[PDB]
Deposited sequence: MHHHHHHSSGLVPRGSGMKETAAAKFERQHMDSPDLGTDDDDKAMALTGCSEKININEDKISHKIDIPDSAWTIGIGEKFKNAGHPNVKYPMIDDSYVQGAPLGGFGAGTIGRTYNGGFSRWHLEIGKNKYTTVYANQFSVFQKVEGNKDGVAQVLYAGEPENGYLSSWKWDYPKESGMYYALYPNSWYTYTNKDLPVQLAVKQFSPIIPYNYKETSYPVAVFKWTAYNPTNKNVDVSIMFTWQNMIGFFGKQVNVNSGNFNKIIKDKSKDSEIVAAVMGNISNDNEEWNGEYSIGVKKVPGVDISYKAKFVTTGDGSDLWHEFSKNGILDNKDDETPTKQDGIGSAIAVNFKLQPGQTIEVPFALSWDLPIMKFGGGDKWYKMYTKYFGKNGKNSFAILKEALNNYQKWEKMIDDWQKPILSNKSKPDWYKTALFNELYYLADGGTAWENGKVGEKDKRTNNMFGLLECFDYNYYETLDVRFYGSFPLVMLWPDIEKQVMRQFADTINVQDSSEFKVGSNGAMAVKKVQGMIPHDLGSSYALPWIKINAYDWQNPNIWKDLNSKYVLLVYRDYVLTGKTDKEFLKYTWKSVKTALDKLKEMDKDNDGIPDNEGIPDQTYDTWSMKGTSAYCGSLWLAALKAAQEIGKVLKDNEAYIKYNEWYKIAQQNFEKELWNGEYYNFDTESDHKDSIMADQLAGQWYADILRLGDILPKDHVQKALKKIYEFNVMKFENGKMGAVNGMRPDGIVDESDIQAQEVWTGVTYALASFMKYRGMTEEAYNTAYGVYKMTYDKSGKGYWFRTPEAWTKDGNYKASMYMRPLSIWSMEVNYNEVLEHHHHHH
């Protein structure tokens, strides 16, 4: 490996061998189907709301999230980088697709597949990833840096449906070597959203944009139809000329054939035919190819940038609504702008690289933080783009001031912005894209007094319940299968209108978002204040026994939606105390004296009773009335965690909080698989995992990272990082279960998972205490 020194890969990048097999991998162990796309994943490409494309460590473009809200795992084999090399004065060169695998059927059988093992590495530090190619039959070593411009406090480039692939080639040998790099792409119009004749009308064109000291050559893969539909638009691939390289291309090869129409050209001398052909296809799949060829002398390095863009302006959801995607604000809505997007990337990618470096540097340059922690912190952010992210710029046919946003809970439970989960999962939004975060919370504010009296069947018991109750915060903002932002509470396993955490978590989220953006946005507090008061006032009515605390009802009426709580619970009770303290403070800021006094009185009464009911001398009991009420819950003091973040001070005595956290570390962490897997949710006082419900026996990755945040705030630094380390180990390490770029909600002690690609573990950003 002589190429790694020519490029700048951080030591904290997650690393795996190209073609590596992973032996230990976890799977769901479940009654009903659950997504399991394997451990062959990688960092995604694409901006927020753009649709994303998962290119795996094996090189394949395989995890398609281009249909917003859907996860489709299938390798489009035509989409590749390939290399040709010939040592000067040899009869023949060699050609190789840079993919560690081969097609299932006979399509593209002419191409040289099966890139060998032990011949390169994949590296990831989101939003960047890299591949190196260090192959005994390729004298010139290659690397590529690939990324999209995901940039905190930037709402423009961060939206773009674009990726850059910056190649470096180096010749460590003492012979001249002729080298070509070729990007192939299938014209994927019709891959989704088209009900009949999936390729019909697809056509490819070549654009050569020549200007002083500049040439871009690109293929634009579109359809002859000018229909404005979800399925229609364009893909583009292209390259920018640099000194010492020539460009060649082929506008049209057949992807539903043996591929030799292209490969016989590339494998001869790495130079394509430069044949334009705009003839539309009917049944056959088609694709385009862009290549560069160059001669490298001994010791010579060259850098060349390629790019990929996708202008698919319209997203359609299952309930029929069609919306424009955010990036259309910058490029237009007509779906004929892929070249413009690609050109912007090829002419600005160096600036984008620096902008990314600028926001990663503060963390990377902090040598007090271990690299493993940095690996997790950056790579967990994959989910902000990969989570079915929807970011609208108008209804098709509809203009407002704001752009509604939603991130999915996950793909198995296809719910936008699940509030009980975003309480944990939304840290990167508030910390890095706060204008999005505030927009989402205003969306929830707007729903508070919505009433929908139509009834739905509750999954857990089969009872009928009212869809949406006035004054209760919704569970979610809908599903991609139905009508995001329009039809809320898509979730039906339980009835969220009687949840005891949603209203308090909502208030806490509001005040968090004010505090973590500088305590200056009084307008945001003013917008949400009536909803905050309504939320707490409704929840107060659920106090059945006049102790001043809402009562859990012997059912799962909160985020642990199969784990019953009854009476006063540590979880909902602490959240309530913290929410009251937040509302007092908002009252003070807005000069609403009567609210301050009311919520101060509620707080003092509830705080006194919480402590009396639950403090047992060592920790806070799970609740007052359940069968295993003295279980040690990992999340027992979630309210105090948020109070620490919100600078609301002590809701419970310092000594008791410290004792509780130490108990959780000693038991839920250290007595669960030797502390190597996170914090199990429920442990009995005798040191055995609570078996009352499956959720008690699970580690929740997002709960664990939040708990590590809590410990860090409380000066339990070693316990904090040791607690978080087990989640990192399980996700990313060779000794773990292979969950990189699909971090799940949960695992059990055997490592098997629930709900891969989950929002909650974005809570790791709550560990950025100093930030």
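J.: If I number the deposited sequence starting at 1, which residue ranges have no C-alpha coordinates at all?
T.: Model skips 1 to 58, 457 to 458, 832 to 842 of the deposited chain.
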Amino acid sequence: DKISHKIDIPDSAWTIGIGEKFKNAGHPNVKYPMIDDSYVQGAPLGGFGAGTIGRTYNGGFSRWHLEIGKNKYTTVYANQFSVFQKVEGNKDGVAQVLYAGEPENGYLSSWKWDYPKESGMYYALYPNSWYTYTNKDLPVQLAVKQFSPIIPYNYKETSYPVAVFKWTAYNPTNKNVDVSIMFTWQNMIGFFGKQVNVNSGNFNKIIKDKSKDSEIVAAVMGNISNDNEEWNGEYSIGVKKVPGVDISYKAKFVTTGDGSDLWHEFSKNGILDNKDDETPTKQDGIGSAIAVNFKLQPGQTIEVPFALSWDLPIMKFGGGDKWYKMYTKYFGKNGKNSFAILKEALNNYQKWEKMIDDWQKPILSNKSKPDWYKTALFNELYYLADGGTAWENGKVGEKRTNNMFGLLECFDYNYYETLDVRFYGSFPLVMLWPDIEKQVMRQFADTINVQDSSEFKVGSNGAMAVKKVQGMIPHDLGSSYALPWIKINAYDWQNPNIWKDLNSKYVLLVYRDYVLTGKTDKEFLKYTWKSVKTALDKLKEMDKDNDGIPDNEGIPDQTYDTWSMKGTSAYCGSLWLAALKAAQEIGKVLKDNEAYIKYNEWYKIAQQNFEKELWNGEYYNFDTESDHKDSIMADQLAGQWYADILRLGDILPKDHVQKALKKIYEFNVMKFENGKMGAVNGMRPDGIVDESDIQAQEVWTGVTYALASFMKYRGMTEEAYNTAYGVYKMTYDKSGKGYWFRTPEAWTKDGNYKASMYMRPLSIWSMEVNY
From here on, numbers count along this sequence of modelled residues.
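J.: Mean C-alpha B factor from the entry: is it higher for 570 to 578 or for 204 to 212?
T.: In the deposited entry, the stretch with the higher C-alpha B-factor mean is 204 to 212.
J.: Look up the CA B-factors in the entry and say which stretch, 428 to 436 or 109 to 117, has the higher mean.
T.: Taking the mean B-factor of the alpha carbons in each, 109 to 117 is higher.
J.: Select one of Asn668, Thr559, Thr520, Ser236: the residue whose C-alpha shows the highest B-factor in the crystal structure entry.
T.: The record points to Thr520.
J.: Out of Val217, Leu312, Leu652, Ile150, which one has a C-alpha B factor higher than all the others in the entry?
T.: Of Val217, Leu312, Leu652, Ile150, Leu652 has the highest C-alpha B-factor.
J.: Can you work out whether the C-alpha temperature factor of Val30 puts it in the lowest, middle or highest third of the chain?
T.: Its C-alpha B-factor, which the entry lists for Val30, ranks in the highest third among residues of this chain.
J.: Among the chain's modelled residues, which third holds the C-alpha B-factor of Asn752?
T.: As the PDB entry reports it, the C-alpha B-factor of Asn752 lands in the middle third of its chain.
J.: Can you tell me whether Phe61 has a C-alpha B-factor in the lowest, middle or highest third compared with the other modelled residues of the same chain?
T.: For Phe61, the deposited C-alpha B-factor lands in the lowest third.
J.: Ranked by Cα temperature factor within the chain, is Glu417 in the lowest third, the middle third or the highest third?
T.: Within its chain, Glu417 is a lowest-third residue by C-alpha B-factor, going by the deposited values.
J.: Of the three thirds of its chain by CA temperature factor, lowest, middle or highest, which one includes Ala385?
T.: According to the entry, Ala385 has a C-alpha B-factor in the chain's middle third.
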